[PDB]
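Given as C-alpha coordinates, the chain that follows is alone and in the form deposited in one PDB entry.
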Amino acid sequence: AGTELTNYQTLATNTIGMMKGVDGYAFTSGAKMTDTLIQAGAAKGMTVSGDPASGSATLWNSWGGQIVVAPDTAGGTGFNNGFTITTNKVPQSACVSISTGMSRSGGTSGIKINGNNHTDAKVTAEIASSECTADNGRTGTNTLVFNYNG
(Lines give C-alpha, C1' and ligand atoms only; values in the text may rest on other atoms or scores of the structure.)
Protein backbone atom coordinates (compact mmCIF):
# COMPACT_ATOMS: atom_id res chain seq x y z
CA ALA A 1 0.00 0.00 0.00
CA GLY A 2 2.99 2.31 -0.46
CA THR A 3 1.68 3.81 -3.72
CA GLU A 4 -1.67 4.45 -2.10
CA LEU A 5 -0.11 6.17 0.93
CA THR A 6 1.88 8.47 -1.33
CA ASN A 7 -1.19 9.27 -3.42
CA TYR A 8 -3.19 10.41 -0.40
CA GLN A 9 -0.29 12.40 1.00
CA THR A 10 0.53 14.27 -2.22
CA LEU A 11 -3.18 14.71 -2.95
CA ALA A 12 -3.44 16.34 0.46
CA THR A 13 -0.37 18.49 -0.20
CA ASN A 14 -1.75 19.59 -3.57
CA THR A 15 -5.14 20.37 -2.04
CA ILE A 16 -3.62 22.36 0.82
CA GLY A 17 -1.61 24.23 -1.80
CA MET A 18 -4.67 24.96 -3.89
CA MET A 19 -6.70 26.19 -0.92
CA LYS A 20 -4.02 28.62 0.26
CA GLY A 21 -4.92 30.75 -2.73
CA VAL A 22 -8.70 30.65 -2.45
CA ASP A 23 -10.48 33.49 -0.68
CA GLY A 24 -14.02 34.80 -0.71
CA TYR A 25 -15.36 31.39 -1.65
CA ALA A 26 -15.49 27.79 -0.55
CA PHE A 27 -16.50 24.47 -2.01
CA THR A 28 -19.89 23.18 -0.87
CA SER A 29 -19.61 19.72 -2.36
CA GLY A 30 -17.04 16.98 -2.57
CA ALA A 31 -17.98 16.43 -6.18
CA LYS A 32 -16.98 19.96 -7.20
CA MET A 33 -13.92 20.01 -4.98
CA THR A 34 -12.70 16.66 -6.35
CA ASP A 35 -13.41 17.55 -10.00
CA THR A 36 -11.49 20.82 -9.58
CA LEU A 37 -8.53 19.06 -7.97
CA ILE A 38 -8.52 16.51 -10.78
CA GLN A 39 -8.63 19.32 -13.34
CA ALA A 40 -5.65 21.00 -11.74
CA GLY A 41 -3.62 17.81 -12.00
CA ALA A 42 -3.50 17.08 -8.28
CA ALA A 43 -4.22 13.36 -8.59
CA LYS A 44 -2.05 12.02 -11.42
CA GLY A 45 -1.07 8.78 -9.68
CA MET A 46 -4.69 7.79 -9.05
CA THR A 47 -7.42 6.45 -11.32
CA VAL A 48 -9.41 9.30 -12.84
CA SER A 49 -12.71 8.82 -14.67
CA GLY A 50 -16.09 10.34 -15.39
CA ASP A 51 -18.89 10.81 -12.88
CA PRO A 52 -20.84 12.27 -14.39
CA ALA A 53 -23.91 14.34 -13.55
CA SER A 54 -22.71 17.72 -14.70
CA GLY A 55 -19.39 17.00 -16.39
CA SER A 56 -17.45 16.28 -13.19
CA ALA A 57 -14.51 13.90 -13.00
CA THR A 58 -14.28 11.30 -10.23
CA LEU A 59 -11.30 9.78 -8.40
CA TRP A 60 -10.88 6.08 -7.58
CA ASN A 61 -8.49 4.09 -5.40
CA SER A 62 -6.49 1.00 -6.41
CA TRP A 63 -9.45 -1.24 -5.58
CA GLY A 64 -12.18 0.55 -7.49
CA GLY A 65 -13.42 2.34 -4.41
CA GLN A 66 -14.27 6.03 -4.73
CA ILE A 67 -11.97 8.73 -3.38
CA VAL A 68 -13.65 12.03 -2.53
CA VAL A 69 -12.08 15.30 -1.38
CA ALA A 70 -14.66 17.44 0.39
CA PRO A 71 -14.81 20.63 2.45
CA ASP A 72 -15.15 20.09 6.19
CA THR A 73 -18.38 22.05 6.76
CA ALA A 74 -17.56 25.22 4.77
CA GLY A 75 -17.79 28.49 6.72
CA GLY A 76 -17.19 29.56 10.31
CA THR A 77 -15.97 33.21 10.35
CA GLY A 78 -12.27 33.75 9.61
CA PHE A 79 -9.63 31.48 8.03
CA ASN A 80 -11.43 28.90 5.89
CA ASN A 81 -11.74 25.48 7.54
CA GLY A 82 -10.08 22.33 6.31
CA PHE A 83 -11.03 19.40 4.17
CA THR A 84 -11.21 15.62 4.28
CA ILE A 85 -10.05 12.91 1.90
CA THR A 86 -12.33 9.84 2.06
CA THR A 87 -11.44 6.54 0.38
CA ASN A 88 -13.98 3.73 0.13
CA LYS A 89 -14.12 -0.05 -0.13
CA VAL A 90 -10.59 -0.38 1.19
CA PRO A 91 -9.42 -4.00 1.78
CA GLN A 92 -8.46 -5.20 5.29
CA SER A 93 -4.68 -5.26 4.89
CA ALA A 94 -4.55 -1.99 3.00
CA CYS A 95 -6.71 -0.34 5.68
CA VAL A 96 -4.20 -1.27 8.39
CA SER A 97 -1.14 -0.23 6.34
CA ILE A 98 -2.60 3.04 5.06
CA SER A 99 -4.17 4.15 8.35
CA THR A 100 -1.02 3.54 10.41
CA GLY A 101 1.11 4.98 7.64
CA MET A 102 -0.96 8.15 7.46
CA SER A 103 -0.60 8.32 11.23
CA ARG A 104 3.19 8.13 10.98
CA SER A 105 3.37 10.70 8.16
CA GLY A 106 2.02 13.02 10.84
CA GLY A 107 0.36 15.31 8.31
CA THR A 108 -3.32 14.85 9.08
CA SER A 109 -5.44 16.52 11.74
CA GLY A 110 -7.34 13.31 12.27
CA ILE A 111 -7.83 9.82 10.89
CA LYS A 112 -11.12 7.91 10.68
CA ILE A 113 -11.56 4.17 10.16
CA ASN A 114 -15.25 3.43 9.66
CA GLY A 115 -17.12 4.79 12.70
CA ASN A 116 -13.90 5.32 14.64
CA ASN A 117 -12.67 8.92 14.61
CA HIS A 118 -9.09 9.21 15.84
CA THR A 119 -9.08 12.97 16.37
CA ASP A 120 -5.57 12.80 17.81
CA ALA A 121 -4.33 11.51 14.41
CA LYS A 122 -2.69 8.59 16.15
CA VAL A 123 -3.52 5.14 14.81
CA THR A 124 -1.42 2.10 15.78
CA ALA A 125 -1.37 -1.22 13.95
CA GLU A 126 -3.04 -2.71 17.04
CA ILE A 127 -5.96 -0.31 16.70
CA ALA A 128 -6.18 -0.53 12.89
CA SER A 129 -6.14 -4.34 12.81
CA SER A 130 -9.18 -4.35 15.09
CA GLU A 131 -11.10 -1.47 13.52
CA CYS A 132 -10.42 -2.47 9.93
CA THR A 133 -13.15 -4.97 8.97
CA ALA A 134 -12.79 -8.18 6.95
CA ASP A 135 -13.09 -8.24 3.16
CA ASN A 136 -16.20 -9.67 1.52
CA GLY A 137 -14.57 -12.04 -0.90
CA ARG A 138 -12.49 -9.78 -3.13
CA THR A 139 -14.21 -6.64 -1.88
CA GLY A 140 -12.98 -4.24 0.76
CA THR A 141 -15.40 -3.05 3.45
CA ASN A 142 -13.48 -0.15 5.02
CA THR A 143 -13.93 3.60 4.65
CA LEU A 144 -10.92 5.69 5.71
CA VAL A 145 -11.09 9.46 6.17
CA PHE A 146 -8.13 11.82 6.46
CA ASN A 147 -8.83 15.22 7.99
CA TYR A 148 -6.75 18.31 7.20
CA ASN A 149 -6.47 21.80 8.70
CA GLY A 150 -9.97 21.17 9.90
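Just so we're on the same page, rigid core means the largest C-alpha set that superposes within 1.5 Å between forms. For every residue, the number given is its place in the sequence shown, counted from 1.
Another form, the form deposited with a partner chain bound, is not on view; read the next lines as being about it.
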Taking the partner chain in the entry with it bound as the reference, which of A125, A26, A121, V68 has a non-hydrogen atom within 4.5 Å?
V68
Option touching the partner chain, based on a heavy atom within 4.5 Å in the entry with it bound, out of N88, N114, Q92, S109:
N88
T139 near the partner chain in the entry with it bound, any heavy atom under 4.5 Å?
yes
Can you tell which of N81, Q92, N116, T58 moves its Cα by 2 Å or more between this form and the one not shown, with the two forms laid on the rigid core?
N81
Having a change of 3 Å or more in the C-alpha distance between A74 and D35, I'd like to know whether it is closer or farther in the entry with it bound than in the form here.
farther
Considering a change of 3 Å or more, are the Cα atoms of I38 and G76 closer or farther in the entry with it bound than here?
farther
